[PDB]
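Novice: What follows is the file protein_25.pdb, containing PDB, C-alpha atoms and all ligand atoms:
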ATOM      1  CA  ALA K   2      23.034 -38.613 -40.547  1.00  0.00           C
ATOM      2  CA  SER K   3      24.867 -41.866 -41.255  1.00  0.00           C
ATOM      3  CA  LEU K   4      28.568 -42.311 -40.517  1.00  0.00           C
ATOM      4  CA  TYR K   5      29.358 -42.007 -44.224  1.00  0.00           C
ATOM      5  CA  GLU K   6      27.377 -38.762 -44.283  1.00  0.00           C
ATOM      6  CA  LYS K   7      29.777 -37.453 -41.638  1.00  0.00           C
ATOM      7  CA  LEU K   8      33.085 -38.422 -43.246  1.00  0.00           C
ATOM      8  CA  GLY K   9      31.808 -38.724 -46.817  1.00  0.00           C
ATOM      9  CA  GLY K  10      34.162 -41.592 -47.637  1.00  0.00           C
ATOM     10  CA  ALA K  11      34.400 -45.325 -46.961  1.00  0.00           C
ATOM     11  CA  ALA K  12      38.188 -45.651 -46.882  1.00  0.00           C
ATOM     12  CA  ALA K  13      38.219 -42.801 -44.367  1.00  0.00           C
ATOM     13  CA  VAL K  14      36.677 -45.362 -42.019  1.00  0.00           C
ATOM     14  CA  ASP K  15      39.254 -48.057 -42.753  1.00  0.00           C
ATOM     15  CA  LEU K  16      42.116 -45.762 -41.758  1.00  0.00           C
ATOM     16  CA  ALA K  17      40.238 -43.998 -38.962  1.00  0.00           C
ATOM     17  CA  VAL K  18      39.569 -47.390 -37.382  1.00  0.00           C
ATOM     18  CA  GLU K  19      42.941 -48.902 -38.274  1.00  0.00           C
ATOM     19  CA  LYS K  20      44.585 -46.024 -36.414  1.00  0.00           C
ATOM     20  CA  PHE K  21      42.610 -46.665 -33.230  1.00  0.00           C
ATOM     21  CA  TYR K  22      42.902 -50.447 -33.471  1.00  0.00           C
ATOM     22  CA  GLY K  23      46.677 -50.198 -33.836  1.00  0.00           C
ATOM     23  CA  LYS K  24      46.677 -48.077 -30.683  1.00  0.00           C
ATOM     24  CA  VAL K  25      44.388 -50.404 -28.737  1.00  0.00           C
ATOM     25  CA  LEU K  26      46.877 -53.161 -29.538  1.00  0.00           C
ATOM     26  CA  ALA K  27      49.756 -51.354 -27.835  1.00  0.00           C
ATOM     27  CA  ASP K  28      47.683 -51.247 -24.651  1.00  0.00           C
ATOM     28  CA  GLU K  29      48.101 -54.841 -23.485  1.00  0.00           C
ATOM     29  CA  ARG K  30      46.115 -53.766 -20.428  1.00  0.00           C
ATOM     30  CA  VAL K  31      42.675 -53.704 -22.043  1.00  0.00           C
ATOM     31  CA  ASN K  32      43.712 -56.630 -24.236  1.00  0.00           C
ATOM     32  CA  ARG K  33      43.446 -58.820 -21.141  1.00  0.00           C
ATOM     33  CA  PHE K  34      39.687 -58.606 -21.681  1.00  0.00           C
ATOM     34  CA  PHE K  35      39.868 -59.314 -25.414  1.00  0.00           C
ATOM     35  CA  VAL K  36      41.425 -62.668 -24.527  1.00  0.00           C
ATOM     36  CA  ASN K  37      38.187 -64.631 -24.869  1.00  0.00           C
ATOM     37  CA  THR K  38      37.086 -62.754 -27.987  1.00  0.00           C
ATOM     38  CA  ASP K  39      38.942 -63.335 -31.253  1.00  0.00           C
ATOM     39  CA  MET K  40      40.778 -60.627 -33.190  1.00  0.00           C
ATOM     40  CA  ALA K  41      38.070 -60.828 -35.850  1.00  0.00           C
ATOM     41  CA  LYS K  42      35.122 -59.891 -33.641  1.00  0.00           C
ATOM     42  CA  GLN K  43      37.456 -57.568 -31.744  1.00  0.00           C
ATOM     43  CA  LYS K  44      37.755 -55.052 -34.577  1.00  0.00           C
ATOM     44  CA  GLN K  45      33.960 -54.995 -34.779  1.00  0.00           C
ATOM     45  CA  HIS K  46      34.068 -53.594 -31.248  1.00  0.00           C
ATOM     46  CA  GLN K  47      36.347 -50.678 -32.112  1.00  0.00           C
ATOM     47  CA  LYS K  48      33.949 -50.013 -34.985  1.00  0.00           C
ATOM     48  CA  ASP K  49      30.671 -49.879 -33.065  1.00  0.00           C
ATOM     49  CA  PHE K  50      32.553 -48.071 -30.302  1.00  0.00           C
ATOM     50  CA  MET K  51      34.218 -45.386 -32.415  1.00  0.00           C
ATOM     51  CA  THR K  52      30.759 -44.857 -33.899  1.00  0.00           C
ATOM     52  CA  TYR K  53      28.763 -44.313 -30.711  1.00  0.00           C
ATOM     53  CA  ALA K  54      31.353 -41.590 -30.134  1.00  0.00           C
ATOM     54  CA  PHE K  55      29.818 -39.357 -32.799  1.00  0.00           C
ATOM     55  CA  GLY K  56      26.513 -39.906 -31.006  1.00  0.00           C
ATOM     56  CA  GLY K  57      25.564 -42.817 -33.257  1.00  0.00           C
ATOM     57  CA  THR K  58      22.486 -43.602 -31.170  1.00  0.00           C
ATOM     58  CA  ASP K  59      21.128 -45.456 -34.197  1.00  0.00           C
ATOM     59  CA  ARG K  60      20.205 -48.480 -32.076  1.00  0.00           C
ATOM     60  CA  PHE K  61      21.302 -48.961 -28.468  1.00  0.00           C
ATOM     61  CA  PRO K  62      18.302 -49.506 -26.135  1.00  0.00           C
ATOM     62  CA  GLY K  63      20.716 -50.913 -23.553  1.00  0.00           C
ATOM     63  CA  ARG K  64      19.252 -54.071 -22.027  1.00  0.00           C
ATOM     64  CA  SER K  65      21.610 -56.295 -24.013  1.00  0.00           C
ATOM     65  CA  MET K  66      24.509 -53.866 -23.632  1.00  0.00           C
ATOM     66  CA  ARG K  67      24.498 -54.482 -19.881  1.00  0.00           C
ATOM     67  CA  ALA K  68      24.227 -58.269 -20.068  1.00  0.00           C
ATOM     68  CA  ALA K  69      26.838 -58.356 -22.831  1.00  0.00           C
ATOM     69  CA  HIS K  70      29.257 -56.371 -20.672  1.00  0.00           C
ATOM     70  CA  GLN K  71      28.026 -58.199 -17.575  1.00  0.00           C
ATOM     71  CA  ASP K  72      29.704 -61.411 -18.723  1.00  0.00           C
ATOM     72  CA  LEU K  73      32.933 -59.462 -18.244  1.00  0.00           C
ATOM     73  CA  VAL K  74      32.448 -58.216 -14.686  1.00  0.00           C
ATOM     74  CA  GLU K  75      31.798 -61.894 -13.981  1.00  0.00           C
ATOM     75  CA  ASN K  76      35.120 -63.293 -15.212  1.00  0.00           C
ATOM     76  CA  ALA K  77      37.302 -60.212 -15.679  1.00  0.00           C
ATOM     77  CA  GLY K  78      37.571 -57.753 -12.793  1.00  0.00           C
ATOM     78  CA  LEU K  79      36.510 -54.766 -14.890  1.00  0.00           C
ATOM     79  CA  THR K  80      36.685 -51.360 -13.188  1.00  0.00           C
ATOM     80  CA  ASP K  81      36.355 -47.629 -13.844  1.00  0.00           C
ATOM     81  CA  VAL K  82      40.025 -46.774 -14.358  1.00  0.00           C
ATOM     82  CA  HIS K  83      39.603 -49.160 -17.287  1.00  0.00           C
ATOM     83  CA  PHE K  84      36.974 -47.059 -19.054  1.00  0.00           C
ATOM     84  CA  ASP K  85      39.082 -43.925 -18.631  1.00  0.00           C
ATOM     85  CA  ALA K  86      42.009 -45.757 -20.221  1.00  0.00           C
ATOM     86  CA  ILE K  87      40.391 -46.715 -23.525  1.00  0.00           C
ATOM     87  CA  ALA K  88      38.571 -43.379 -23.444  1.00  0.00           C
ATOM     88  CA  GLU K  89      41.875 -41.504 -23.336  1.00  0.00           C
ATOM     89  CA  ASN K  90      43.382 -43.410 -26.261  1.00  0.00           C
ATOM     90  CA  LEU K  91      40.498 -42.114 -28.369  1.00  0.00           C
ATOM     91  CA  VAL K  92      41.376 -38.525 -27.478  1.00  0.00           C
ATOM     92  CA  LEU K  93      44.948 -39.088 -28.653  1.00  0.00           C
ATOM     93  CA  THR K  94      43.512 -40.535 -31.863  1.00  0.00           C
ATOM     94  CA  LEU K  95      41.694 -37.353 -32.874  1.00  0.00           C
ATOM     95  CA  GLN K  96      44.843 -35.414 -31.990  1.00  0.00           C
ATOM     96  CA  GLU K  97      46.745 -37.309 -34.681  1.00  0.00           C
ATOM     97  CA  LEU K  98      44.239 -36.297 -37.354  1.00  0.00           C
ATOM     98  CA  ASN K  99      45.084 -32.694 -36.467  1.00  0.00           C
ATOM     99  CA  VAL K 100      41.614 -31.799 -35.149  1.00  0.00           C
ATOM    100  CA  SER K 101      40.998 -28.690 -33.045  1.00  0.00           C
ATOM    101  CA  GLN K 102      40.455 -29.213 -29.319  1.00  0.00           C
ATOM    102  CA  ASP K 103      37.072 -27.482 -29.146  1.00  0.00           C
ATOM    103  CA  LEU K 104      35.773 -30.255 -31.399  1.00  0.00           C
ATOM    104  CA  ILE K 105      37.524 -32.971 -29.395  1.00  0.00           C
ATOM    105  CA  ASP K 106      36.017 -31.482 -26.239  1.00  0.00           C
ATOM    106  CA  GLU K 107      32.446 -32.121 -27.374  1.00  0.00           C
ATOM    107  CA  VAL K 108      33.346 -35.723 -28.187  1.00  0.00           C
ATOM    108  CA  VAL K 109      34.305 -36.358 -24.565  1.00  0.00           C
ATOM    109  CA  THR K 110      30.838 -35.163 -23.564  1.00  0.00           C
ATOM    110  CA  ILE K 111      29.049 -37.723 -25.729  1.00  0.00           C
ATOM    111  CA  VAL K 112      31.041 -40.615 -24.274  1.00  0.00           C
ATOM    112  CA  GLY K 113      31.065 -38.720 -20.980  1.00  0.00           C
ATOM    113  CA  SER K 114      27.496 -39.930 -20.484  1.00  0.00           C
ATOM    114  CA  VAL K 115      26.787 -41.111 -16.941  1.00  0.00           C
ATOM    115  CA  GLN K 116      24.361 -43.762 -18.178  1.00  0.00           C
ATOM    116  CA  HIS K 117      26.704 -45.519 -20.602  1.00  0.00           C
ATOM    117  CA  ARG K 118      29.257 -45.568 -17.786  1.00  0.00           C
ATOM    118  CA  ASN K 119      26.751 -46.886 -15.252  1.00  0.00           C
ATOM    119  CA  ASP K 120      25.962 -49.667 -17.720  1.00  0.00           C
ATOM    120  CA  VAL K 121      29.562 -50.882 -17.683  1.00  0.00           C
ATOM    121  CA  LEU K 122      29.577 -51.299 -13.905  1.00  0.00           C
ATOM    122  CA  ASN K 123      26.075 -52.745 -14.221  1.00  0.00           C
ATOM    123  CA  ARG K 124      24.009 -51.231 -11.405  1.00  0.00           C
TER     124      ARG K 124
HETATM  125  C1  LIG W 201      30.554 -47.453 -24.912  1.00  0.00           C
HETATM  126  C2  LIG W 201      30.593 -46.414 -26.061  1.00  0.00           C
HETATM  127  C3  LIG W 201      30.383 -48.874 -25.396  1.00  0.00           C
HETATM  128  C4  LIG W 201      29.440 -49.294 -26.270  1.00  0.00           C
HETATM  129  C5  LIG W 201      28.362 -48.464 -26.882  1.00  0.00           C
HETATM  130  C6  LIG W 201      29.660 -50.701 -26.479  1.00  0.00           C
HETATM  131  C7  LIG W 201      28.901 -51.472 -27.320  1.00  0.00           C
HETATM  132  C8  LIG W 201      29.080 -52.813 -27.550  1.00  0.00           C
HETATM  133  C9  LIG W 201      28.266 -53.599 -28.449  1.00  0.00           C
HETATM  134  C10 LIG W 201      27.075 -53.125 -29.223  1.00  0.00           C
HETATM  135  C11 LIG W 201      28.772 -54.857 -28.424  1.00  0.00           C
HETATM  136  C12 LIG W 201      28.304 -56.030 -29.228  1.00  0.00           C
HETATM  137  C13 LIG W 201      27.373 -56.948 -28.433  1.00  0.00           C
HETATM  138  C14 LIG W 201      26.830 -58.048 -29.338  1.00  0.00           C
HETATM  139  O1  LIG W 201      27.061 -57.972 -30.534  1.00  0.00           O
HETATM  140  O2  LIG W 201      26.190 -58.950 -28.823  1.00  0.00           O
HETATM  141  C15 LIG W 201      29.879 -54.833 -27.495  1.00  0.00           C
HETATM  142  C16 LIG W 201      30.642 -55.930 -27.177  1.00  0.00           C
HETATM  143  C17 LIG W 201      31.697 -55.937 -26.298  1.00  0.00           C
HETATM  144  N1  LIG W 201      32.135 -54.829 -25.601  1.00  0.00           N
HETATM  145 FE1  LIG W 201      31.427 -53.001 -25.671  1.00  0.00          FE
HETATM  146  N2  LIG W 201      30.725 -51.169 -25.740  1.00  0.00           N
HETATM  147  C18 LIG W 201      31.179 -50.049 -25.062  1.00  0.00           C
HETATM  148  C19 LIG W 201      32.243 -50.066 -24.182  1.00  0.00           C
HETATM  149  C20 LIG W 201      32.989 -51.170 -23.864  1.00  0.00           C
HETATM  150  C21 LIG W 201      34.093 -51.152 -22.938  1.00  0.00           C
HETATM  151  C22 LIG W 201      34.605 -49.971 -22.186  1.00  0.00           C
HETATM  152  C23 LIG W 201      34.572 -52.412 -22.885  1.00  0.00           C
HETATM  153  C24 LIG W 201      35.632 -52.862 -22.124  1.00  0.00           C
HETATM  154  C25 LIG W 201      36.937 -52.685 -22.539  1.00  0.00           C
HETATM  155  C26 LIG W 201      33.760 -53.196 -23.779  1.00  0.00           C
HETATM  156  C27 LIG W 201      33.942 -54.533 -23.998  1.00  0.00           C
HETATM  157  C28 LIG W 201      33.188 -55.308 -24.846  1.00  0.00           C
HETATM  158  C29 LIG W 201      33.404 -56.720 -25.067  1.00  0.00           C
HETATM  159  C30 LIG W 201      34.420 -57.588 -24.392  1.00  0.00           C
HETATM  160  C31 LIG W 201      32.481 -57.110 -25.982  1.00  0.00           C
HETATM  161  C32 LIG W 201      32.329 -58.474 -26.578  1.00  0.00           C
HETATM  162  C33 LIG W 201      31.226 -59.288 -25.897  1.00  0.00           C
HETATM  163  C34 LIG W 201      30.983 -60.582 -26.666  1.00  0.00           C
HETATM  164  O3  LIG W 201      29.840 -60.838 -27.008  1.00  0.00           O
HETATM  165  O4  LIG W 201      31.942 -61.297 -26.902  1.00  0.00           O
HETATM  166  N3  LIG W 201      32.785 -52.430 -24.382  1.00  0.00           N
HETATM  167  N4  LIG W 201      30.068 -53.575 -26.963  1.00  0.00           N
END
Would you mind writing the file out in structure tokens?
Specialist:
Amino acid sequence: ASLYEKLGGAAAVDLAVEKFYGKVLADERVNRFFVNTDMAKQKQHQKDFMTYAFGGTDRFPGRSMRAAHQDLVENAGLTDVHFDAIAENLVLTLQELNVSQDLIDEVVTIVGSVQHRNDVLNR
């Protein structure tokens, strides 16, 4: 049930991620947050993020997730419209790989979790 088991190829991950990353770069809006973090650790984010999309609940007992994201709401004025932004980009990513909509619809559900979202706003 590992990521590799889903794609069945390592490189597939390099490109899959590279595609998203390249897109996240164009959006200088969300980049405002990646100002403190370096470009090195940044990529790692798009990796663990693009993973949780496929329901990679391997290990995510929150707790730290909140605090980690909390440091943001402290300095950066994070909001909801922000989550919908990065979330959309992902949708356009799967559209480039020529993937049916029905399949892309389920993906939205996974990330459409109310909890994960509530964690961002920290409440
Ligand atoms: C929603 C799918 C989502 C998840 C699951 C997620 C997960 C992480 C994890 C595991 C880290 C690493 C924490 C650590 O290693 O200590 C992480 C770091 C950061 N994240 Fe996110 N994140 C999710 C969603 C978002 C959204 C939306 C963000 C805002 C654009 C966002 C930001 C960040 C940032 C800035 C970091 C780096 C924190 C740091 O330690 O420097 N994440 N995220």
Novice: So which residues are near ligand LIG 201 (chain W), meaning at most 7 Å away with only C-alpha atoms and all ligand atoms counted, given back as a ChimeraX atom specification?
Specialist: /K:31,34-35,38,46,49-50,53-54,66,69-70,73,83-84,87,112,117,121
Novice: For residue 4 of chain K, find every residue with an atom within 9 Å (counting all atoms listed in the file), except residues of its own chain fewer than 6 positions away, and show them as an mmCIF file with C-alpha atoms, keeping the file's coordinate frame.
Specialist:
data_model
loop_
_atom_site.group_PDB
_atom_site.id
_atom_site.type_symbol
_atom_site.label_atom_id
_atom_site.label_comp_id
_atom_site.auth_asym_id
_atom_site.auth_seq_id
_atom_site.Cartn_x
_atom_site.Cartn_y
_atom_site.Cartn_z
ATOM 1 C CA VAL K 14 36.677 -45.362 -42.019
ATOM 2 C CA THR K 52 30.759 -44.857 -33.899
ATOM 3 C CA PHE K 55 29.818 -39.357 -32.799
ATOM 4 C CA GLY K 57 25.564 -42.817 -33.257
#
Novice: So the first atom is atom CA of residue 92 of chain K and the second is atom CA of residue 28 of chain K; what is the distance between them in Å, to one decimal place?
Specialist: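 So the answer is 14.5 Å.
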Novice: When you count only C-alpha atoms, which of these residues is closest to residue 37 of chain K: K:2, K:72, K:96, K:120?
Specialist: K:72
Novice: Between K:94, K:17, K:77, K:64, single out the one closest to residue 108 of chain K, counting all atoms listed in the file.
Specialist: K:94
Novice: Specify the axis-aligned box that encloses all atoms of segment 36-48 of chain K listed in the file after padding of 8 Å on each side, stating its centre and edge lengths in Å to one decimal as JSON.
Specialist:
{"center_x": 37.7, "center_y": -57.3, "center_z": -30.2, "size_x": 23.5, "size_y": 30.6, "size_z": 27.3}
Novice: Between K:75, K:89, K:123, K:56, which residue has the minimum interatomic distance to residue 107 of chain K, considering all atoms listed in the file?
Specialist: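 Closest to residue 107 of chain K of all the choices is K:56.
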Novice: Which residues match the PyMOL selection byres (((chain K and resi 25-27) around 12) and not hetatm) in the file above, as a VMD selection string?
Specialist: chain K and resid 18 to 24 28 to 35 40 43 to 44 46 to 47 51 86 to 91 93 to 94
Novice: In Å, with one decimal, what is the gap from atom CA of residue 118 of chain K to atom CA of residue 82 of chain K?
Specialist: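 It comes out at 11.4 Å.
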Novice: As an exercise, work out the distance from atom CA of residue 113 of chain K to atom CA of residue 16 of chain K in Å and give it to one decimal place.
Specialist: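 Pair atom CA of residue 113 of chain K / atom CA of residue 16 of chain K returns 24.6 Å.
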